[PDB]
Structure formats: C-alpha cells, structure tokens
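Heads up, the thing below is written out as structure tokens.
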Amino acid sequence: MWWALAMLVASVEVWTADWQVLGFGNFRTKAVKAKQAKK
Amino acid sequence: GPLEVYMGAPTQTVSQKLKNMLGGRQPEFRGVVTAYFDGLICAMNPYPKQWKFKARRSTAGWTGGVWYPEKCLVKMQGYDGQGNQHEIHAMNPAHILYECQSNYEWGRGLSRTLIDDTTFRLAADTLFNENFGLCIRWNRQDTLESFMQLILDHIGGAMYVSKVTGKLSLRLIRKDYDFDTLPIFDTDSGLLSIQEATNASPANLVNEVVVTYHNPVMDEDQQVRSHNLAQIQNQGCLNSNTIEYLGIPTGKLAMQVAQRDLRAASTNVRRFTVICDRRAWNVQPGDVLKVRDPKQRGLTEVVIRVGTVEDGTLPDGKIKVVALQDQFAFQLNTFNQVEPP
Amino acid sequence: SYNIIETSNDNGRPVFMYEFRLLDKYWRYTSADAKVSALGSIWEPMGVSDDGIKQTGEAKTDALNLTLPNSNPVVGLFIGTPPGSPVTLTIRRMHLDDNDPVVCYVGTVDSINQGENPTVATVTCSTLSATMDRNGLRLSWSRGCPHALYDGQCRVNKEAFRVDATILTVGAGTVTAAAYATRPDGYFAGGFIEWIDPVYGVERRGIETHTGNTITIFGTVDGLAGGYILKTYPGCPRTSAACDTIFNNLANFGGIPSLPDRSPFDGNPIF
Ligand SMILES: [Fe+3]
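Protein chains in written order, with our numbering: chain P, 1 to 39; chain A, 1001 to 1341; chain U, 2001 to 2271.
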C-alpha cells in the first residue's frame, strides 16, 4: 500500500506499461531470499 | 553420481578434485554456494536437461553477524497441492530490510549503530504475529531503492530517519491507534487553514483488485480476485486494478494484502492538506491525528493519517502537513484457498 | 520543558543552532544574533539560515538548502577540493531559559556551490533515506573478482602491505617519494594515499598510476607538504594471478577463472 501513499500526490489507478527487469526469471527455486549473483 | 556442495563458508576450502577438473590456478570459492556434481552421468548424449534447486536461510551468511534472530523464521502453510501440503519457511521482511541496510556485501551496508534497532523490533512485533513473510528474489540486480520500494509495498510501511538520532528507521502503516488519545485539531487548538477544502466527487474509486503472488512450492505465479461487493452493487461497471505482490508465498497472505489494499484505496479516500502552527512540531510522517472543522466546512471530527510534512524555517512559523484518510491492517474477509487438485 | 514553551500560542523564543561535524572536528553555529551557549558549547551567531527541513520521502525535493557564509571554514573545506570524508550537519531547536535542544535534523553535507550571493553559499544536505541510488550490482560472476581491495570479503590484511613516506616533491597531479622508488612499476595502480590534515583529520584519496619514485592520482591535489608521511597503499590488477602472487590471498578470491565460456546446454551439440 506504500504505492497508495506514494500516489498521495495524484489529482484524485489504472495502468498500462511494460516492466523493468526484476528478479523473476527463474532457474533456482528460493523458498527464502538468499539474494543471487548477476553474471 | 556423487555431489559435492560447498556452502561458501567464511573459511571454506574445497576438495582438490574440483580444482583439477577446472584446472590451473583456482580459488576456494569462499562466500558463494557452489555445487560440484562429479557424477559421470551429467546426461545421455541427447542434450543435457536443465536443473533447479531449492534452499532457504535465516541466520547464515550475515556480514557482521545476525540481528534479532529469534523472529526471522516466519513459517506458514503455503502448500501447492492439497494432499501434497507442507509449510514453508518464509523470512521476516523486517530482517530483509535490516540486511538491506546492514551488510556491505551489496548495496550501501549501513553500520548497525546508524540503524534504529527499536523501530525494526517494532516492525517485527506485527510482522511475526500476523505471519507476514516473504520469499523475494533479487536476480538481475537493480537499484537498491527500487528493491526497498518493492519490500515496503509488500509490507506497506515507511522507511524514514528518526528526527532525533538521525538513524535510519522503518515504520509500518497499520491500525495502531486507539481513536481516543489522539489530539483534536480545530482552529482554536493549532489548525491554521485547510488547504484542501474541495471534494472531487470521489465516489467512483477503485472497487476491485487482482493480486498476483508467487508460491515457492509451485515456484510460479498465482493470482487472487477480491471484489468489494458494496461498490459493485451500486456504481455499475467495474473500476479494477491488477497489482503486483510477487514474493508473497501463500494464498492466505495474498488475500490479506489484497484486502488491505482494497479497503485502503476504496473506502472514502479523502486527502487533507493542513496548515499548522507549532502545534505538531513532533508530528512525524505516518503519525495519526484528529481534525475538526464543524462550523465552516462541517466535517465531523475525523481521524487522519499523517503523510508528507514540510517543517518550517525560523521565520514563517507554520508547517504544512499532507494527510490521508485512515489506513487499515490485515484481516479476514474472503476464503480464497484455491487448493489445486 | 521544551514542548510546553514550543506549543504555546503567546510564548516562545527564537533559536536554531547548527553543528557541523567531521570526525569530531566541530563548528557550533547559531542562526540567532547572540552568543548562545548550551549543551556545554558556545554556538556563535553566524549568518546561517535554514530553508525548511522538508520530509516528503522524495529525493532532491527534500534537499535542505542552507545559506552559509563563505568566510566560514565550513565552506572553506569545499573550496576546490571537498573533504574525502562526509561531513554531518545537526540542527537543534532550543528556546531561551531552556536547556534541552531537541535535535531536528541529522543530514550530511552533500554538495556546495557559491554563486550570485557571495556573502552566503548554498549547502545541500539530504538524509539517509534519499541516498539509495546505488547500483546494487555487486557479485556478477566474472574472470576477475569484483571485490574492492582491502574490503570485508577480499580480506587482505590492512597492515601487511603498508607503504609510507614523506613527499619528496609535490607536483601537478603527481607526487614523488623515496619509498615509491623501491617498488616495481604499477605497484600502486588503483592504490590510495593517506595522511592527516590539521582540520580534515584522516584524508584518503586514490592513486591512478605509479612509476619509479613518481605516482599519479585519480583525483586532484588539495595541497600537499613534504612533512607528514603519505601512508600509501598498493592497488591490484584484480586478476586471479594478481591476487595469488602479490597478495597470497588466492584462498580468499571471489573471481572465477574457469567461467566455462558459458558452454551452453542448448542450441548446439555439446557433451
Ligand atoms: Fe584480492
């Protein structure tokens, strides 16, 4: 919800965009965050 | 075949066979999880298959030692497959953020003394009790502030610096107010002017949210619908929003976050911009206060959440307080446990 | 008793004091017009003036802009070459007849630029929340370790590779010393020089090249004197052979020589 507080500057929430890469592309399951390398 | 797994211990050493295989000058690969499969069958001549692994951590690999370890193990039932059910060991987001600011191995690595410990104990207080964990990933690494943005959005909190010490601190946006002790603000008690006096016909706000999370057991994305029946039954067509909550590992917590967002963004959102004298100099973003303008604007003694604050200079006296209608914590409305077959 | 006076409608006193701190090298300022003395120190009345301690959670906008007279040594620290170590600014908010100046801001001195108002410069001071633009990209398997020399992971001893000597002759972006002559070329490539400044205290800045008795620095020269010794540290090529031969730290190396040329398991026949 901190996005909701971030949009506290709005003029009043629909969106349409592509993504800037994050850590989703999977090759090793992580039941907990051990972070990862980057190659 | 056999498998040598080296966990990258601080003083780790590996068998000479691995270095002979890789050949020439080689390191000990200290600090990194490195698996060595000496088995001769990597695959049949049909080209080798792809691999996957599964791990978890709570206390291992902490530069400078662990912090507050007795609340990091957020276990919770996150089963995929009803008969295949088993609990998963989600991490405490409070410890996630503490690592983000308390290790030089990536990011800034702020010293412990400059981090407000008691505030992270405060965070853990509610994060562990309600069992809000996380299983986030940080592959293809990006800017640190963006990752903290993601984590804060997951927990719905505010990272901030203590006014007195200057230490970095964390806040959570919750229901931590008793609606009795709150100070009452009217023109006769410190209020100077309501800079936001209009109403923008805020009756058609969002009424549906599609929460997307990631179950580690399935290790793929999952989704949850949440319809605010009250708004659908009167407003007509939907005003929906698909929101990202990857890393949340179960449907119960996904439902909790979905309900939190839906009740926060849908129920009578009103933004207050308040001109204040030296009556709220201690008031800090995220605080709570009650405002009253009954004889000019006719608003009935409402409780408001404090947002952005603009402290004044030695001249000009007043402080501008951006304020937002009440937020909410997690709670149980829906029973969305898909329980795959 | 501060809050009672502060929240009063018809009672109050003006004070806004500023503490400029650099490893305990102190300047105690007062925006008021008097010789204010509190917290066991005298806060001199200087032409400092705040522009508002804004807290919005947005970087750049919250940058506290101080109007600081140039003649102060605080600005003097930033003439030409700013300090190599961050300077912290603390603001306090007591009244008179009061003695608990509740601290209100603990930002650091990020940048300074003089301009149209020569009697006071603009000092920008954000806080920890807004300084988080770091790359984040750290590990990134490669043919050479990404570890910074002498860091917490390379762990090469800070004392085993000491080098120090007083400056034989300062020069334009270059320094000369007798000790450097005893070393092979490039021994300090990526190194840094260290000494104590009568005000900055510890000062550390890098070296970009070495040859014989001569070296070159990545940064500028803030003025140097052939007195104090320049505690100079060697750098490293950061190669596996470099970390092995020079440092004997191969066992604590983070670079992977045998990154298998990304020998795939797709596309073409292999294995
Ligand atoms: Fe090294």
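Yeah, the Cβ is synthetic: ideal placement off N, Cα and C, and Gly gets one too.
Between the options, which has its C-alpha nearest residue i's C-alpha?
i: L1152 (chain A); options: U:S2263, U:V2163 and U:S2129; result: U:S2129
i: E1220 (chain A); options: A:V1269, A:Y1245 and A:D1287; result: A:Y1245
i: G2186 (chain U); options: U:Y2200, U:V2156 and U:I2217; result: U:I2217
i: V2163 (chain U); options: U:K2060, U:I2193 and U:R2093; result: U:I2193
i: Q2153 (chain U); options: A:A1197, A:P1069, A:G1109 and A:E1105; result: A:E1105
i: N1228 (chain A); options: A:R1112, A:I1248 and A:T1267; result: A:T1267
i: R2238 (chain U); options: U:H2147, U:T2081, U:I2112 and U:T2131; result: U:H2147
i: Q1284 (chain A); options: A:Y1006, A:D1293 and A:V1321; result: A:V1321
i: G2226 (chain U); options: U:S2111, U:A2177 and U:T2067; result: U:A2177
i: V2103 (chain U); options: U:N2113, U:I2091 and U:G2057; result: U:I2091
i: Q1231 (chain A); options: A:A1258, A:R1263 and A:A1200; result: A:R1263
i: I1173 (chain A); options: A:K1163, A:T1181, A:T1126 and A:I1194; result: A:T1126
i: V1303 (chain A); options: A:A1060, A:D1176 and A:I1243; result: A:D1176
i: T1181 (chain A); options: A:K1290, A:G1247, A:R1057 and A:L1114; result: A:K1290
i: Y2018 (chain U); options: U:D2266, U:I2079, U:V2123 and U:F2078; result: U:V2123
i: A10 (chain P); options: A:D1142, A:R1030, A:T1273 and A:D1316; result: A:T1273
i: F2016 (chain U); options: U:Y2026, U:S2001, U:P2045 and U:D2010; result: U:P2045
i: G1156 (chain A); options: A:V1014, A:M1021, A:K1295 and A:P1093; result: A:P1093
Using beta-carbon positions only, say whether residue i and residue j come within less than 8 Å of one another.
i: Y1079 (chain A); j: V1217 (chain A); result: yes
i: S2031 (chain U); j: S2049 (chain U); result: yes
i: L1170 (chain A); j: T1119 (chain A); result: yes
i: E1301 (chain A); j: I1184 (chain A); result: yes
i: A2034 (chain U); j: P2101 (chain U); result: no
i: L1073 (chain A); j: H1086 (chain A); result: no
i: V1269 (chain A); j: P1340 (chain A); result: no
i: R2028 (chain U); j: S2041 (chain U); result: yes
i: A1124 (chain A); j: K1071 (chain A); result: yes
i: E1310 (chain A); j: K2054 (chain U); result: yes
i: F2188 (chain U); j: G2235 (chain U); result: yes
i: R1260 (chain A); j: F1328 (chain A); result: yes
i: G2136 (chain U); j: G1312 (chain A); result: no
i: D1186 (chain A); j: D1287 (chain A); result: no
i: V2087 (chain U); j: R2183 (chain U); result: no
i: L2064 (chain U); j: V2202 (chain U); result: no
i: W3 (chain P); j: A1158 (chain A); result: no
i: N1215 (chain A); j: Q1235 (chain A); result: no
i: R1297 (chain A); j: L1324 (chain A); result: no
i: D1038 (chain A); j: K1019 (chain A); result: no
i: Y1068 (chain A); j: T1034 (chain A); result: no
i: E1028 (chain A); j: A2059 (chain U); result: no
i: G2012 (chain U); j: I2004 (chain U); result: no
i: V2199 (chain U); j: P2073 (chain U); result: yes
Going by beta carbon distance, what residues of the same chain come within less than 8 Å of residue i, once the five residues before and after it are set aside?
i: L2259 (chain U); result: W2141, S2142 and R2143
i: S1189 (chain A); result: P1183 and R1279
i: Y2228 (chain U); result: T2166, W2195 and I2196
i: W1138 (chain A); result: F1147
i: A2179 (chain U); result: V2163, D2164, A2165 and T2232
i: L1110 (chain A); result: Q1101, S1102 and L1168
Taking 7 Å as the limit between beta carbons, can you name the residues of its chain near residue i, skipping five residues before and five after?
i: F27 (chain P); result: none
i: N1336 (chain A); result: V1224, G1251 and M1255
i: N1204 (chain A); result: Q1235 and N1239
i: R2205 (chain U); result: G2084, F2192, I2193, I2217 and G2219
i: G1081 (chain A); result: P1340
i: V1257 (chain A); result: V1211, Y1245 and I1248
i: residue 1346 (chain A); result: With chain A covering 1001 to 1341 only, the question about residue 1346 (chain A) has no answer from this structure.
i: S2263 (chain U); result: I2270
Looking at ligand 3, does it come within less than 7 Å of residue i, judged from the CB to the closest heavy atom?
i: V1206 (chain A); result: Only ligand 1 can be found as ligands here, which leaves ligand 3 out of the picture.
By Cβ distance below 6 Å, which residues in the same chain neighbour residue i in space, the five residues on each side in sequence not counted?
i: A2181 (chain U); result: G2212 and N2213
i: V2170 (chain U); result: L2224
i: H2095 (chain U); result: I2005 and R2013
*In chain order, what residues place their C-beta within less than 5 Å of a heavy atom belonging to ligand 1?*
U:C2154, U:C2243 and U:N2249
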